[PDB]
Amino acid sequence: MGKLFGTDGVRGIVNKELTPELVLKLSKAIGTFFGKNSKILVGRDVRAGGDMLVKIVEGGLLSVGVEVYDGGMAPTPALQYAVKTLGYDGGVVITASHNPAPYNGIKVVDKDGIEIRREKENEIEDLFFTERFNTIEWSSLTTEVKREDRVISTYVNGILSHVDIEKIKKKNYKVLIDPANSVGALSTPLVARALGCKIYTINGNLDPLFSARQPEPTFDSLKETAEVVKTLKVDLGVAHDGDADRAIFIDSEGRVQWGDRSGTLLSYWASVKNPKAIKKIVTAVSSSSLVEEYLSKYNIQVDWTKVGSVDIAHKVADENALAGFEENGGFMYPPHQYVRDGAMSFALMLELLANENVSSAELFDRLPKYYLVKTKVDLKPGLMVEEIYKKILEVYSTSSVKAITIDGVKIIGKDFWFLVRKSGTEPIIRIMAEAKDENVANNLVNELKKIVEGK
């Protein structure tokens, strides 16, 4: 996805592109990177190459003198939380995030609990290619991998430590949880149980085949669970992705809400819990401007940024922000941790919902309503994306609106906004735009499509 590393680690179809041989090499590199005698926690989500890959990684880390720990299956926020507060020097999670079932990959989390910074991906990448590995002598190759049984338990308690457990327990909520046949079923339901809810889970059994739906929660994949949400009259529903670092909700009406709608509501509650903290949150240009509208009437500035969760986690930390979030679910609550944490989100939601004494459906309605229209258009050869940018910019900019070119080109105007961004995976430019008036949005997309087409 680069030389190795993509947007969220190294990944590929298991036993084909992501082969045991590659992971074995990537492991000597990661191990050499952390150093001899470093304590590294290894965990995994539910995916297809699960066991095979954990054995390869462990074998790889021993060859380079790492003191290896096995944390079994768990949400990534959970594994990360473990390395963050349990003393580890870092960790490596076997996961392909949201990718379809045949994928799997390697995420590497640094000393702080967040995935390694990019400059570090390069160090590992260099080590991998130059093969400079701290391979150790036979006589010091005498260690067994140890077991780590505190990750889930430590995680849940950590999460529970930030919400009024009794207040919520009192509301005795009726919730539905869609862990997508994965690792999220080992913890979100546990947090629900502590907040005393009646719990219904769809796809709560572990199945690396993801038969019921794609692991990535989208209006399309949630289509059917949104149904059962309604048919079961639940007060709130929550869906996760493969390693549960994401959380998109479904209210009492049985309608799914997008990551930035709930990120905004959650970004709000975070200020209520910390008047002392710098009213200010971070979010990617992929997020609806609706966030500014709503957080504005609370003095919470929204710091726009590039697309990418790892980066956000760092920016939130680096600027001691209130919180951070992506439009795709995944919200960062600093007091807990800087990374996206689905269960953490589900818990905060039940709090916010509990203290407002309003239904999920109503709660969400308190937000600005915008209509989204998106599209993909191929990048014609002999046409540079920098030229498209230059154009739409000098045609849509105006002292009326405001432009953000930290990643592609985002334009924000009264009751409408858009983002034209170059894909890094496909030779395509994504065009998304929404407005309080569905027609000015559709129209917007059309105009943009033209310009992107080099007219």
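The first residue of the shown sequence is 1; numbering continues from there.
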item: 260-268 versus 148-156 - greater average Cα B-factor per the deposited record; value: 260-268
item: Stretch exceeding the other in mean C-alpha B-factor - 1-9, 445-453; value: 1-9
item: Candidate set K84, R132, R213, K170 [ranked by C-alpha B-factor, highest]; value: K170
item: Selection by C-alpha B-factor (highest) of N205, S360, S287, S187; value: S360
item: Where the record places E426 (Cα B-factor, split into thirds across the chain); value: highest
item: Among modelled residues of the same chain, the CA temperature factor third for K297; value: highest
item: Lowest, middle or highest third - CA B-factor, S182; value: lowest
item: Chain-relative CA temperature factor third for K25; value: lowest
item: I406 - Cα temperature factor, lowest/middle/highest third of chain; value: middle
